[PDB]
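In structure tokens, one chain follows: the form deposited in one PDB entry.
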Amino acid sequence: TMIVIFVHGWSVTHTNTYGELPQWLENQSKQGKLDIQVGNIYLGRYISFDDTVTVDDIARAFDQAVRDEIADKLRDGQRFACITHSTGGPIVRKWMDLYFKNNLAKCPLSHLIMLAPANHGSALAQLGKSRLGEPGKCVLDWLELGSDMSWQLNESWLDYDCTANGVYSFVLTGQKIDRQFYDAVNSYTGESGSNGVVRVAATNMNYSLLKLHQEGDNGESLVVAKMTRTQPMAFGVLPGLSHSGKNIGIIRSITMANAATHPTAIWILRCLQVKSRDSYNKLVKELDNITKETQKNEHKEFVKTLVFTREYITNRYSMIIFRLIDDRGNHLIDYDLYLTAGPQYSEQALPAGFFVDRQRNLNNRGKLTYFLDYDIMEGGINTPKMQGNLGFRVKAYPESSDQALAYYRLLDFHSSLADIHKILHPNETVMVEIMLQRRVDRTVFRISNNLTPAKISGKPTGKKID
């Protein structure tokens, strides 16, 4: 039999954040659609408004909360399904990483259903505690785009295979703005490609990590590339749902009256009924078809008022998180990073409208997140004259011996959107780690058996050390 545990998001102070979905699941079980005994549905509550509490702290506390309440039930063979919202996803994923990484088959969790999870962060976190209010400062450090902590967790997750270990994981999210909750001085709260809080691409656990490492001898720079990708995970963009709120909040808006027709309740029930690789994979495809339908139907939105009418265009988007490092363990903080396109990989040739947002992490200036319009990029680049080309160029500083005796050579990376080995996918994040060679001029240290003392020159030799 199944236990269900609800886990909420950040800045929550009341378990009504779960709407009435717990009570509904209870009733569905009584109707034979789920095998949940009365008393096996649990509401989680964790503290998100304490500046001292870290995500590590919360994930450790969940392990304790589980043992304190259902240790007997787990010993008797029961496994639980977690239904998470917002930060709840990352926290449960961290708990899995802390206690079961190399051993998912013994994890007492059977289903992970993440609702609008901030798996690759929220652009709002950087706005900080004062403006955002409420949220705890340490959890905002995790949620900040480009966070070193989310990078570490998500790099660890590249190696996971939940499905093969009998753990069925799902991401469901929406991309509707509840336009009554638009903060006019913080336009992230209405950002296209988001639900007001998390970007669709930042919810998706289908992502890649691309490592580009600079090589070279005496002469010119070369680039070795390696891409690794997470295992497939169910991913669905459901229609008409925002992050929060009783109107169209992805979970907040569920009631006993509307649940039967509520996309979230409908698909959560399906997810929980998965018991096999075959059933999982059918739901993967079903949710992908729903995604395609949702995003076509919501592409254009017309909002009518007594005074004005607005048109809103919602395409599909990609998020790049760049990590700039060198081969001596430094994060690079002084650099220019270019996208390039066209037959000559020009920084001036990107399709007009490619850009939505950029943000640089406040704790690590080597972490830079770009948010791009995938459909505008693909349409403009995959033409005869543009040849499908897409690339990066990174210029780190100092750039030559004449400026400093330690310096970096420019890196160029040439790719394509015209084949299946591409680095951008709609509704996905890609993590890009660029490692430059730290070049040190031989003048940094010379020895000479001329014993006549002399002034020490800083003039470069023009030849780097090994």
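Rigid core here is just the name for the largest C-alpha set that superposes within 1.5 Å across the two forms. Note that residue numbering begins at 1 and tracks the sequence as displayed.
There is another form of the same protein, the form deposited in another entry; it is not shown, and what comes next is about it.
- Rigid-core fit between the shown form and the other one: of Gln31, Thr52, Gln37, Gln403, the one residue whose Cα shifts 2 angstroms or more is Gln403.
- Relative to the superposed rigid core, the position of the CA of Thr261 differs between the shown form and the other one by less than 2 Å.
- Once both forms are fitted on their core, the CA shift for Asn297 between the shown form and the other one remains under 2 Å.
- Taking 2 Å as the criterion, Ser187 does not count as shifted between the shown form and the other one: its C-alpha moves by less than this amount when the rigid core is aligned.
- Three angstroms is the minimum change: in the other form, the CA atoms of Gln403 and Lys459 sit closer than in this structure, by 3 Å or more.
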